[PDB]
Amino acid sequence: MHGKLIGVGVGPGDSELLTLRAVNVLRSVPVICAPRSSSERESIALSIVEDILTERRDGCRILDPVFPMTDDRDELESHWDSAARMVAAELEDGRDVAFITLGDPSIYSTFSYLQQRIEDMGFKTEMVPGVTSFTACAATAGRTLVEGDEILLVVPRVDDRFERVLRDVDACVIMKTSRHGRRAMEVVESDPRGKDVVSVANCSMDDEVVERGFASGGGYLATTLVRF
């Protein structure tokens, strides 16, 4: 009888990159959870599912717990606490909640922060996978990531681990690349092997930018793909 928490991957931007399953959950759940920063009117995940939500003859309740960009670790933790409290109030009343996530819910989505709390409160949890941004970026660039015996590495940051590991991998995905392109260029280009590098911003959206090398547009939604 409890509501369940469902982590729903929404894909990289284009509504046509939602899965049939995602579309089905989102057309049916009574509650959607789409967290946002303080100066956002709506998260990017909510704007992706806008048309679906407004197509609905039935009403959907939107939970949009606020996450200030300025939170220190303790305030962030406390803001996840109250997010879980508003979500659990829905599940306590028998209503399923779909937590929408850009791309796929298993890849840097923040889903686990809510998920751990909700399962600790004794509720049940599910996940719907999606097109992750990095395979969508490979697709738009007309490029394959890995084949045969090649190793893929996915990083959110340029760090010392990244540097010492790089020679033992054949391809790598660099997330948040508007913050990370410069450091990334330096590390990858010091590698003696031939490399093919491309960066993609706003993949699958109207303002998508494909650029050779370690930069594209400077917005939050940029990813770099490296193949050796």
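A residue's number is simply how far along the shown sequence it sits, counting from 1.
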Check your understanding: Looking at the deposited entry, does 60-68 or 187-195 carry the larger mean Cα B-factor?
Key -> 187-195
Check your understanding: Looking only at CA atoms, which has the higher mean B factor in the entry: 218-226 or 3-11?
Key -> 218-226
Practice item. For the C-alpha B-factor as written in the entry, point me to the maximum among 200, 44, 52, 33. Key: 52
**Study point:** Of the residues 143, 95, 73, 117, the one carrying the largest Cα B-factor as recorded
**Key:** 73
Exercise for review: Using the B-factor values recorded in the entry, state whether the Cα atom of residue 77 falls in the lowest, middle or highest third among the modelled residues of its chain.
Suggested key: highest
Review point. Based on the entry's values, in what third of the chain does the Cα temperature factor of residue 158 lie: lowest, middle or highest?
Key: highest
